[PDB]
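Each chain is listed here by its residues.
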Amino acid sequence: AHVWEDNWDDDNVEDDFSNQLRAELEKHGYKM
Amino acid sequence: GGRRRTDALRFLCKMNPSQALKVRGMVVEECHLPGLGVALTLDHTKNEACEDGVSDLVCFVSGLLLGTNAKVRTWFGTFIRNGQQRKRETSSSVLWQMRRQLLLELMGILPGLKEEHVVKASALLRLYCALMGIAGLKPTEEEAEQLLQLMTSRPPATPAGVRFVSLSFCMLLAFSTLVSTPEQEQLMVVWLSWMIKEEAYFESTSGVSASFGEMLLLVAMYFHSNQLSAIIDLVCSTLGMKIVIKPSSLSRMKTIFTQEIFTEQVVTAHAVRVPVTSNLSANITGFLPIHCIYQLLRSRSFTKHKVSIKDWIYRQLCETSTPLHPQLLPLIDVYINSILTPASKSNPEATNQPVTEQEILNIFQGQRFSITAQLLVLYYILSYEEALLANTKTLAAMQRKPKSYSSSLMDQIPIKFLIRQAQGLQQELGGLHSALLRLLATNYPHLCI
Amino acid sequence: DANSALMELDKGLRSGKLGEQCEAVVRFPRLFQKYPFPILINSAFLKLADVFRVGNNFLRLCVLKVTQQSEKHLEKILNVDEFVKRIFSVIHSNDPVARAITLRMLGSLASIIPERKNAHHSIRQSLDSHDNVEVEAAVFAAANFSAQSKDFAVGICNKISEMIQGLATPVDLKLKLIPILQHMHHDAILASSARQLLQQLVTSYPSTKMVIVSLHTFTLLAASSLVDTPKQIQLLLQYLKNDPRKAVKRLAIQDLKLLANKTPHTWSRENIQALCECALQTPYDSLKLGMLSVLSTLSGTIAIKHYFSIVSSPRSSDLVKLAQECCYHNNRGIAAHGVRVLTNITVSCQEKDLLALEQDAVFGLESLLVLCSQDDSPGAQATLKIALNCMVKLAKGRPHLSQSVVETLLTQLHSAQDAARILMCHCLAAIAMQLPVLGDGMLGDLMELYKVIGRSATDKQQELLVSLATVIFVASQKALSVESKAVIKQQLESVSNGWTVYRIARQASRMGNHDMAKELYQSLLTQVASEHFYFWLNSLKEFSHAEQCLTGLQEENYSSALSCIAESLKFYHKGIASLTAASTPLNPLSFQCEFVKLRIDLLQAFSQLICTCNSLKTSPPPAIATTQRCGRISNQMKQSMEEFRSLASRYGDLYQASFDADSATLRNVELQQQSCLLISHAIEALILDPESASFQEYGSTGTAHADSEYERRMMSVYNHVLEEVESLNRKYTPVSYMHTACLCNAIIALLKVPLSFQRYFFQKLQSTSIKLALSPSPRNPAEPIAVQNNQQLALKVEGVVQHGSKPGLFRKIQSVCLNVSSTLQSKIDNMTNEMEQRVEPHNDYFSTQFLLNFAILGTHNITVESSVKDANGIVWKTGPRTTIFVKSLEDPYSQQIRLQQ
Amino acid sequence: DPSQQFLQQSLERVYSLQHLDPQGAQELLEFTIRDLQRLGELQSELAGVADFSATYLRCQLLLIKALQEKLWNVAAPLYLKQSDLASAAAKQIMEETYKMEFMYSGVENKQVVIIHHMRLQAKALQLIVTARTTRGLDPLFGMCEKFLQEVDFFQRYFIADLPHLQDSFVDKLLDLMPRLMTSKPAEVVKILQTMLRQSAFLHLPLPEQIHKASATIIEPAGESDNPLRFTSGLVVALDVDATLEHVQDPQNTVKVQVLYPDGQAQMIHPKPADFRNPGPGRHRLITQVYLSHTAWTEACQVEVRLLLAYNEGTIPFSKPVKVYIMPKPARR
C-alpha cells in the first residue's frame, strides 16, 4: 500500500543511528 | 634506521604534497612508522589554511585511539609510551611537536565559550582523555593548566554545551592528578560553585533529560555513601572509554565534595528541587533524576533532613509511557520501605507520608493518563497494602500509622481489567506483569478462580 | 551467566507461595528469549513440567500461557518423553478444570507429539464428557491434533460427524465443532466425506450463524485440499447470487477474496462472468465495493490473461464495462477499485481492440484525483494511495501514455492541501526516477510551487519540503542551475527544522548533486550536539567536497584530470579520517568505511593509470638494450592488472559481506565492480596480449532494465568504452598512443558520471546476525582445550539467528554454510581439516557435528565461518568468525612407545 | 475421479497458456508446481504422475528463469561471478533429468525422448554459460564440438519420432545443421541463445501406470539415544533393514552410503542374496554396515542413507537416518 518503493522517507524506516541523530537535531530548530 | 626512513619519506611528502595523505594511508594500513604519519599530518596541516572546522590531526588521533580496530589502538598506544620514555630534552621527536600543535589549537579554542566553538572543544577533551587514558601520556604543568582553563569554561546554552560540561566533569573526575597547585583548586571550587547555581537554566533551555545536575547529585551521593565503583562506572560510561582510576585521587576529591560545597542538606534540597522527566520510557539513555532520587532513597536522607518526596514520585509516575525504564520498580519498592520503616531511633516518627487518596482517585477515574502510569500506580497500591501487613512489629512502635487506603477507593479500582491489560502488553512492560501477578496471587484469590 | 538465571528463577519456583511461583513461571519467556540454546530450553521445560505436575490449578494456567507463548521453542526440547509424561500425569485426576487445562496443554504441545496414542484416547474420552470446560478444551485439542495426525483425523471425523448431527449438543457447540471439519484435509476420501458432511450441514441448518461458520470451514477445506477449489468457487457464486441474507454475502466476499489471493489460476472464465454479473445487479453499495475489491485483487494476477484468452469482442465483455460504471461511481472506494481494474487491464495483455480503454483509463485517474485531493480524511488518504499506485503502474506498463500522465499530475500539484502534496511528489519521484525524459519537463514549474510553500502551514510542512526537494533532485537529471540552488537555499534558510535539511542533504548525496550537499553539510557541521555525529557529518561534508572536485572535469584534458583527482583524494582522506573517528562500538560503521576506502582505492587506481598513460610520453621507447614487450610500461600495466583485479575482488567481497542492504545499494556495488572489470578488460585487450581476445563483445549491449539514471549513464559509458575497445583491437602497435588515449578517455568517462551514495550508507532496515556458540568445552580465554593426540575433537558447533526487525524484509535465509579450519599456531599449517556443512534451520537453530583431527604435536587454532544461502541461491559471507585454542597433549605410554621405537 | 480431471485440466492449462510475458509464465509455472506438490502429497494412486509432471514443470521453470537473467543483458567481460543465478540451474536441471529417467518406474519411449530433449536444452544452457565465462578459444571450440556430436548422437539414436514432436529446439536445430557445422563458435553460441529464446515447450503424454521409487529405513530408527560403543581401529556392524517400493532391478542399482561426521564417505554395495522379494512391488533390504575410525572424544552422529545408482551417477532417494557412535581407545 506504498506508492514509492524506494522511498527513503516513510513513517518509520529510521534506524537507531538516525534516531539519536533526529533526537539531538530536531531540538535546536534554527539554521544559518 | 627509523629516523632515516622518516626523514626520507618526509622529504618525499614535502616533494609531492598531494599524496602525503597516501603515505599516511600506508602507515595506517600496514601499522608501520606511526611518527612518520603524525609528522606528515602536521606538515599537511601546515600546508592547508582550512582550519575552519576541527583539525585533521584531532580526527586522525581520535580515529587511531578511539577506533573499532584494536591492533592499531595498541600500536598507537605503544607509540605514545615510546614517546613518553624519551625523557631527555629533544625537540626533534614528532610527539612533542604534535603536543605543541594541540597546544596551539588549545590557544585558539580558549575564550565564555563561543557558540560555534562548542563541539570542537568537547571533541578535544575526549581526545585528550583518550591520550591520558588508553594511551597514557602524562602532561606538563602548562598543558594541565590550560586543560583546567578549557574545562572550567562557560558553555552558552546548547545541548552541545551540556554535553561539554558533563564531559568536563568526568574529565576532572577521571584524572585528579591533573590539578596540582592550590590556585587551580580554588579555580575548580569556583567552577563547581558556578555549576551548582546554573543547572535549572541549562535544564530548561536545553530540553535534554540527561543534564549535568543529576550527575553532580550522583557523585555527591556516591561519595556520601562511599561507593567509589559507582563513580568509576559513571565516568567510564560518560567518557565512552574504559579507564582504570586509582581510588586515592578520588578520596581527595571525596574530601573536597563532602567537607565543603556539597553538604548533605543542600544535596537533599537540590535533589528535591529537580524537575520530572516527561514521557520517561526506557528508550532514553543517560543517568537521570530518577536514578538520582533512587540513590537518595536507598541511603536514607530525605526524612533524616526533613524534605518531602511525594509530589515528585506522583508526577514521575504520571509521566511514564511505553517500554518501562528499569528503575521504577525498585524506586516504588524503596519508596514503600521509606513509607514504613523509620530512619533512626532518634525520630521514630520520621517517615514519608504516602500518596493521598484523592490523587489516586483522579488517576483511576480515567483515558487522560497513560496505561503504564495506571499499572505503576496499581503496583504501588497493591505493594503498599501487602507491605503494610508485613512490617507491623515496627508499625505498632512508630505511633504515626499511615493507615490503609480505606475501601471506597479500593472498590473503584479495576484490578482484573488492568491485569488483563498488563498481560496483553507484557512484552514492553517487562518486570511489572510478573509483579502484578505475584501480588494478585498472594493477596487476591478473588480473581484467581 | 547462562544457567545462573535458571537457578535464580527456579529458586523462585521452590517457594511455598503461589505468587512467587507464578512470578517465576511468567518470567520464564524472557529467559527463553535471552538464551535460546536447547540445553537451557530443555532444562527449563522439564522444570515447568514438574511444577505443572503438582500445582493448585492456577500455576497450571500460567504454565499453559508460557507454553502458548513459547511455541517456536517447543522443537528444541530433548527429553520429550519425560516432559510429556509429567504433563500427562494430570489427565487421570478428578478436577475437571485441571483436566481441561491439561488437554489445552496437550493441544499446545501438538507439534512435538503428533502420534501419541494415549493423548488421542484422552481427547476422545473427554470430548464426549459432560463438563463444559472439559468439552471446550477437548475441542481445542482435537483441532490442534487434527492438523497434524491422520488416524486421529479419521477417527475424530466419525466422532464429530456423530456429535454434530446427533441433534443433542446445542447450536453453540455445533458452531464450535465445525472447525474440526475445517482441519480435516489429510486424505482424499477423508476430504470427500468431510465435503459431503459440510454440504449436508449447510443445507440442513439454514441459519445465519451455522451457514457462516460452515461456509468458512468449507472454504478452508477447499483452500487446504486443492482438488476441487473450482467447485467451491462455483458454489460461492450461487451463494452470493441466490441468497437474500446480507452477512452470508459478506462472507462470500471475504471468501472469494481469500480464494483469489490463494489460487487465482483456477478461476475459470464463467466464474469471472458470474462474479461480474452478480456485481452488476446488486442494489447495495458495500456489497458492490466487496465484489469489485475481489475483482481488483483478481485483476493483479494471471487470471486476466486466462479471461482475455483467444478461443466475442472484449468491448462487449462484462468485466470492462463493469469497470467503467464503477470507475465513474459516486463513492470513492468503489472508484479506486474500478480504476485499479481498468489500470490492470491496460497494463496486462496487448490485444488491439482494448487500446481505446487506455484513454478512458488515464482520464479516470485524474477524475478520481480531483475527487480525493480536497478531502483530508484517512479514507481519502487511502484512496490517494490506491490512485497513485495505479498512476505509477499505468505509466510503467504503457510509456506512450506516460507523458500525458505526468502533466495531469502537475495540474493537481497546483491546488491541493499539505497532505496531498506528499505522495504526489512521491509518485512523481518514482516516475521521474526510472523514466527520466519527462522529469525536466517539470523543472521550473516546481520552483513556483516551492515558492508557495514559503507561506504554507506548519504541521505537515517539513515532510512536504522533503518530498518537493527530493522530486527536484530526481527531476534534475543533468544538473541544477545556480539560481535553483539559490532559491532552494533561501527557502530553507527562511524556515527549516534541522533534520529536514539533513534529509535534503542526503537526498542530494543520493542523486548526485554534491554541491548543495556540501552547503547543507556545512550547515549541519555548525549544528549538532554529539561527538560521533559531528564526525559523521564532517566526513559526509568531505565526501561531497571531493565529489564536486570530481564533477569539475573536462574531456580530452589530462592535466585537469590529475589535478582534480588529487583534490578528490585529499578530500576523501580527510573524510575517511573523520569516518574512522566517527566509528563507535555500539554502531560499528563498517559498510561506510569499506565503501569509502574502496572508492579511494578506485580513484588511486585511476591516478596511477593516468600517470602511467603519461609515462610513455615521460620515458624512452624502452632502452638501448631493447632493439615481445619492451619498456617499463609493460611491467607498469601488468601491475595495473594486479591492482584492478584485486580491486574487483575486493568489491565482490564487499558485496558478499553485506546481506542487509537493498537492491539499489547492491546494484551500485555491482556498478563499481563492473567499472573495475571494464578497465581491466580494456587494458588487457589493448596492450597486454591482444592475440587471445578474439571476442568483440559477443553479448547483448542493449535492452536494460535501467532502474536508475545513474545505472543508465554507467551502462552508456560501459558500452562506449567497449565500442572503443572493439574498434581499436588489432590494427596498431602493442604500445601505441591510441591505446593510452583510449584508457585516458575511459577514465574521464568513468569519472564524469559522479557517484550515488545509496540507502545502506545512511539507514539500515534489516539486521541479521548469527551466534555460533562453540561448545567443545568453550574454554575461557588463553586457556586451550586439551586433546590427547590419538582421538579427534568433537567440536559440536551450535548456532542461532538474531533478527533485528521484520524478520526478513528483503532476503530470507534458506540454508547456512558452516566452514571450519585449523591452523598450527606453533612457531599449509594444518589445512588438512577444512570442512563444510549445510544447515537448514527449523525455526532459528543450527545444529551440526564437527570432528577435527589434531595429529602432529602442537597448539592449533580452530576458526569457524558462516555463509548464508538465500532463497534465490546467492551465498553471503557474514558471521562472527569464531576462533578457539587447543593444546595437544600425548599419552605417556604412547610417548614411551615412540621413544623405544 | 476428481483428482484425475483436476490433473488433466491443470496440465492442459500449463500447455496452452504459453504465450505470456515471462513474469506471467513464471507465476503460472510456480502456482502449478505448488499445486502439483500438494496434489501428490494428498493423493496416493496419482502421486507418481503428479510428481512426474511437477519435476518436468520444475525443469521448464528453471530453464525459463535462467533464460531471463541479467547475465544476458551486459557484455561478457562485465561478469558478476557471485551474482550469477543461471550457472547452477543447468546442474539442477541435469540432476532432475537423471531423476526422471531413473526414479520413475513405468516409462516408455515418449517420456524418454522428451526428457532427453530437456537434457539437450540443459547442455545448451551449460554450454552458453561456460562460453560467457571463459575466454580460451580452444576450450570453447572443443565444448562446441562435443555439443555438436551430442546433437548428432541425439538425432542418430532418435532417428524416429521427429514427425510426432513438432517445432521443438532440436527440430529446427537440425534445420540449420550444416550452417552449424560451418561457423565460428561465437556465431554458434549467439545462434544458440537465439535458439533457446523461441524454443517451444513440449507436451508430455503421461504414462498410464507410473510409481515413484522411495526407501524407508525401518531400522535403525535413529531416535535411540544409546550409543554404539566399540574400540578404536576396530569395526562395528550395524544392521540396516529398509523397505523398497517400486524399484526396478535393486541388485545393480540400489546402494547404501555412510557419511562419517568427518566428511569422508563410504559407498557400500549390497548382495543380491540379501535382497528379499516380499511381493510384486516391494522389496526388503537387510544388510550389515561396517564402520571403523580412530577414536572420538564423544559419541557422534554418523549419517546413513540409501542411494540409487545409474549408468556413472548416484542420486538420493531415501530419508537420512543418524546413529550414535563411540570409539574408545584400549584400556591399557
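Going by the header, the method for this PDB entry is cryo-EM, and the resolution given is 4.1 Å.

Student: Residues and numbers for the overall build of chain B, please.
Tutor: Of the regular secondary structure elements, chain B holds 24 helices and zero strands. Overall size of chain B, expressed as C-alpha extent along the three principal axes, is 90 × 50 × 35 Å. Relative to its full complement of 449 residues, chain B shows a buried share of 51%. As displayed, chain B has an accessible area near 20700 Å², and 56% of this comes from carbon and sulfur atoms. Side chains of chain B carry 43 positive and 35 negative charges; the gap between the two charge centres is 7 Å.

Student: Got a sec to walk through the pattern of salt bridges? Specific residues and values, please.
Tutor: The full count for this structure, using the stated rule, is 48 salt bridges over all chains. Between C:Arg245 and C:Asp243 there is a salt bridge, and its shortest N-O distance comes to 2.9 Å. The residue D:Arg38 makes a salt bridge to D:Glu41 at a minimum N-O spacing of 3.8 Å. Of this pair, D:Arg38 and D:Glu41 both sit in helix α2 (residues 22-42), three residues apart, which is roughly one turn of the helix. Accessibility expressed as a relative area gives 22% for D:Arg38, which makes it partly exposed. Overall, the relative accessible area of 62% leaves D:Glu41 in the exposed class. What emerges from the salt-bridge pattern is a single network uniting A:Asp9, A:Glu14, C:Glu463, C:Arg503 and C:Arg506.

Student: Go over the pairing of strand β6 (residues 813-821) of chain C with me, naming the residues and quoting the values.
Tutor: Residues and elements named next belong to chain C. Counting buried residues along β6, seven of its nine residues qualify, which places the element largely inside the surrounding structure. Note that β6 and strand β11 (residues 868-870) share three bridges and pair antiparallel. Each bridged residue has a counterpart across the sheet, and for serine 815 the counterpart in β11 is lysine 869. The pairing of β6 with strand β7 (residues 835-839) spans five bridges and is classified as antiparallel.

Student: Go over the UniProt feature "transmembrane region" in chain B, please, and point to the residues and values.
Tutor: Cross-referencing UniProt, the feature "transmembrane region" maps to residues 164-180 of chain B in the present numbering. Taken end to end, residues 164-180 of chain B has its terminal C-alpha atoms 23 Å apart, with 65% of it in helix and 0% in strand.

Student: I'd like to hear about the packing of aromatic side chains, residue by residue, with values.
Tutor: Tallying each qualifying case throughout the model produces 43 aromatic pairs over all chains. Counting every residue linked through ring pairs, the aromatic cluster contains A:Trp8, A:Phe17, C:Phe533, C:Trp536, C:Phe543, C:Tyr572, C:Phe591, C:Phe595, C:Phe757, C:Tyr760, C:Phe761 and C:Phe762. Over the face of the ring belonging to C:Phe571 we find C:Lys570, whose NZ or CZ atom lies 3.3 Å from the ring centre. Over the ring of C:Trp876 we find C:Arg811; its NZ or CZ atom is 4.8 Å from the centre of that ring.

Student: I'd like a rundown of the nonpolar core, residues and numbers included.
Tutor: Within the largest apolar cluster, 228 residues are counted, with the highest numbers of intra-cluster contacts made by C:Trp536 and C:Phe761. Setting aside residues no more than four positions away along its own chain, C:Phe761 makes contact with C:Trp536, C:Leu540, C:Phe543, C:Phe591, C:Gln592, C:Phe595 and C:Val596.

Student: Before we move on, could you go through the pairing of strand β9 (residues 313-316) of chain D and cite the residues and values that matter?
Tutor: Residues and elements named next belong to chain D. Because side chains alternate across β9, one face comprises the buried residues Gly313 and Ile315, and the other comprises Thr314 and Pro316, none of which is buried. For strand β8 (residues 300-310) and β9, the ladder comprises four bridges, and the chain directions are antiparallel. When the bridges of β9 are listed, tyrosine 310 appears paired with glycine 313.

Student: Give me the lowdown on the packing of helix α22 (residues 399-412) of chain C against helix α24 (residues 424-434) of chain C, citing residues and values where you can.
Tutor: Residues and elements named next belong to chain C. Between α22 and α24, whose axes approach to 11 Å, the crossing angle comes to 155 degrees. Accordingly, the angle class assigned to the pair α22 and α24 is roughly antiparallel. Of the two elements, α22 crosses α24, and the hand of that crossing is left-handed. Each of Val406, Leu409, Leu410 and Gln412 in α22 lies in contact with α24, whose residues at this interface are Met424, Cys427, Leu428 and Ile431. Split into classes, the residues belonging to the contact of α22 with α24 amount to seven nonpolar, one polar and no charged.

Student: With reference to specific residues and values, describe empty space enclosed by the protein.
Tutor: Considered as a void within the structure, the largest cavity measures approximately 160 Å³ in volume. Considering the residues around the largest cavity, the lining is formed by B:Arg99, B:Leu102, B:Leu103, B:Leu106, B:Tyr128, B:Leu131, B:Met132, B:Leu137, B:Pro139, B:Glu143 and B:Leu147. Sorting elements by how many residues they give to the lining of the largest cavity places helix α6 (residues 94-109) of chain B first, with four residues. When grouped by side-chain class, the residues that make up the lining of the largest cavity number nine nonpolar, no polar and two charged. When its volume is computed, the second largest cavity comes out at roughly 100 Å³. If you trace the second largest cavity, you find it lined by D:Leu127, D:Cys144, D:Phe147, D:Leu148, D:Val151, D:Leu173, D:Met177, D:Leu180, D:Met181, D:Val188 and D:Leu192. Breaking the lining of the second largest cavity down by element, the ones donating at least two residues are α6 (137-157), α8 (177-181) and α9 (185-197) of chain D. The dominant element in the lining of the second largest cavity, judged by the number of residues it contributes, is α6(D), at four residues. Within the lining of the second largest cavity, the residues separate by chemical class into 11 nonpolar, no polar and no charged.

What counts as what
- These residue numbers run from 1 along each chain by written sequence and may not equal the entry numbers. Residues without coordinates are not shown.
- Whichever chain is written first is A, and whichever ligand is written first is 1; the rest continue in order.
- Note that the displayed chains come from a larger assembly and that each value is computed for the displayed part only.
- Side-chain figures throughout are based on the complete set of non-hydrogen atoms in the structure, without hydrogens or water.
- Residues with missing side-chain atoms are left out of burial classes, side-chain pairs and their counts.
- A helix here means a DSSP run of H or I that spans at least four residues, while a strand means a run of E at least two residues long, and both kinds are numbered starting from the N terminus.
- Only protein chains enter the accessibility calculation, which uses a 1.4 Å probe; a residue is then buried when its area is under 20% of its type maximum, exposed when over 50%, and partly exposed in between.
- Values of accessible area rely on a 1.4 Å probe in the Shrake-Rupley scheme; residue burial ignores everything except the protein chains shown.
- Positive charge is attributed to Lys and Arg, negative charge to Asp and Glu, and no charge count is given to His or to the chain ends.
- By convention, the point assigned to a charge is CZ for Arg, NZ for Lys, CD for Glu and CG for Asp.
- Here, a salt bridge means any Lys or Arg side-chain nitrogen found within 4 Å of an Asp or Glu carboxyl oxygen.
- The pairing criterion for strands is at least two bridges between them, as found by DSSP.
- UniProt positions are given in the numbering used here, feature names are shortened, and annotations may be inferred rather than shown by experiment.
- A pair of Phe, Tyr and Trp rings is counted when the ring centres sit within 6.5 Å of each other, with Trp represented by its six-membered ring. The angle between the planes then sorts it: under 30 degrees is stacked, over 60 is edge-to-face, the rest tilted.
- Should the NZ of a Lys or the CZ of an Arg lie within 6 Å of a ring centre and within 35 degrees of the ring normal, that charge is described as sitting over the ring.
- In this text, buried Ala, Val, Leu, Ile, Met, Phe, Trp, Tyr and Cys residues form a nonpolar core when linked through side-chain atoms within 4.5 Å.
- By the convention used here, residues are in contact when the closest approach between their heavy atoms is within 4.5 Å.
- For helices, the fitted axis covers only the stretch in contact; all axes are lines through C-alpha atoms, and the angles between them, taken along N-to-C directions, range from 0 to 180 degrees.
- Roughly parallel covers angles under 35 degrees, roughly antiparallel covers those over 145, roughly perpendicular covers 65 to 115, and oblique covers all other angles.
- Note: crossing handedness is left-handed where the near helix turns anticlockwise from the far helix by less than a right angle, and right-handed where it turns clockwise.
- Basically, the charged four are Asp, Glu, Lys and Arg, the nonpolar ten are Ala, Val, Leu, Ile, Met, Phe, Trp, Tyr, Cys and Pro, and anything else, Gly included, counts as polar.
- The rule is simple: put a 1 Å grid over the protein atoms alone, call a set of points where a 1.4 Å probe fits but cannot get out a cavity, call an open set with protein on both sides within 12 Å along at least five of seven lines a pocket, and count a residue as lining if it has an atom within 4 Å of a point.
- Grid points are joined across faces, edges and corners, and a volume is the space filled by probe spheres set on the points.

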